[PDB]
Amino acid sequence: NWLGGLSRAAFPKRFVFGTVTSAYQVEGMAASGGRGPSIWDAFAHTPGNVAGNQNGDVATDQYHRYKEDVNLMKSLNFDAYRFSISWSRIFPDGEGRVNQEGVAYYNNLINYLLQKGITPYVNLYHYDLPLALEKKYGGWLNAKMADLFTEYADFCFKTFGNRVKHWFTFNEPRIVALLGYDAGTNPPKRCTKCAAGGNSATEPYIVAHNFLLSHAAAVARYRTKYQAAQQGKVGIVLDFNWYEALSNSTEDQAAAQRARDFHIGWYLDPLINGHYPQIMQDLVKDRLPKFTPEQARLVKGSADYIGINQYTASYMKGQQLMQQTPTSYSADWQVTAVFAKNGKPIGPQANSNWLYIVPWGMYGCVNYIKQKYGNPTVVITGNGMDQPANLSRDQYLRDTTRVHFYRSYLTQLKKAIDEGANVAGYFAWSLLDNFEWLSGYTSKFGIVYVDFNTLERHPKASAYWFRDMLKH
């Protein structure tokens, strides 16, 4: 059957199914309703930065159309909606004055979701640092971010936490560190060679450390001030793509494990065990910041659940570990990514070149977290694939590749859960075609088609696949 035996009965009792967006990618009204600019507004308005010089000024205009979009998700039988609050829509300068019109928007959204029986899962941060904070403080390079983020988080807990019971602090701090401070291809565009300055060998580590410390500080504030009354939870969202040893050799097996440690262990070892992975300590040395005992104790156990964004997988080939002049976080791993084994590609690619369709990667990742980290509560916070630009409306709607993607990936997730993985929920990226960062509107991840000329929504075949799979 097109559901392939999947339904709510195939997953644990009370398992949560939702869709996910982020503020800058869907809201629009980027310079309206009192919102201050984010680093992404400045970046996207710079000629050459985004495909077609596009930006999120209008995006999907969810700001005006949110009731349509909530009605749609309810009609598709989802239980939950993961979205983010734009920091600069609440605090246009990142600190100080509150934008009441911004607060009203999120109140209206949260209330409508609850009216329609959809549980809000709310991210505080999704790449969209207030521009004012980047300029005044130097953003995530500055340890003062812990204080600034905590004050913002405190405001959100106070204002929305009587209703919102499932929070996430950050979305994929690894991607911020990698693209913003190693490769320098995302804001603030820092890297060793970059015009804005930087150092690809040091700054990604500083940035990651500050995300961990900021997460821990915000969670300590939630736990000491709000949790008794509100009785909600706070986690973090981490990207994790699967790495499989290219062969059963010692060097290849070591390579795959080293890659896992630099990718996900970078954050999970601090969050679960209170230290960075040993291999990062051994290889990165003085360039890896050291947690004080007090900080490690604040960071350890500071996530109520681990959000995982899971998309893809690759093979890893190793070599002899060697002494080398530091150049970048990326080069520090001393591995080679490989996308074919025994002459056959690991999987076909979706529209994004990095996204190889490999359903067994989902099992790989979930099983690995279960076995390595004491089976913490995991939520799959994003999973999906993209269509290319320039298709007809009907071609977008007939998304048979995406239907196959979800059926296969969800079957692999079911396999891991049936083997005992503590997975509490799953969220499809995305509800809607949206602004896909550097790809702008050239990459379509939605289960619902958005016509970017008229802004009309049209559910794709994959949306009706979910509706059928999720009927109560």
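Sequential numbering from 1, following the sequence displayed.
The stretch with the higher mean CA B factor, choosing between 184-192 and 151-159, is 184-192.
Here 288-296 and 106-114 are compared by their mean Cα B-factor, and 288-296 comes out higher. Taking only the listed residues 263, 166, 372, 82, the entry reports the highest CA temperature factor at 372. Of the residues listed, 214, 224, 352, 88, the entry assigns the biggest Cα temperature factor to 224. In the deposited entry, the Cα temperature factor of residue 11 sits in the top third of values across the chain's modelled residues.
Ranked within its chain, residue 209 lands in the lowest third, by CA B factor from the PDB record. When the CA B factors of the chain's modelled residues are split into thirds, the value for residue 317 lands in the highest one. In the PDB entry, residue 407 places in the middle third of its chain by CA B-factor. Among the modelled residues of the chain, residue 53 sits in the highest third by CA temperature factor in this PDB entry.
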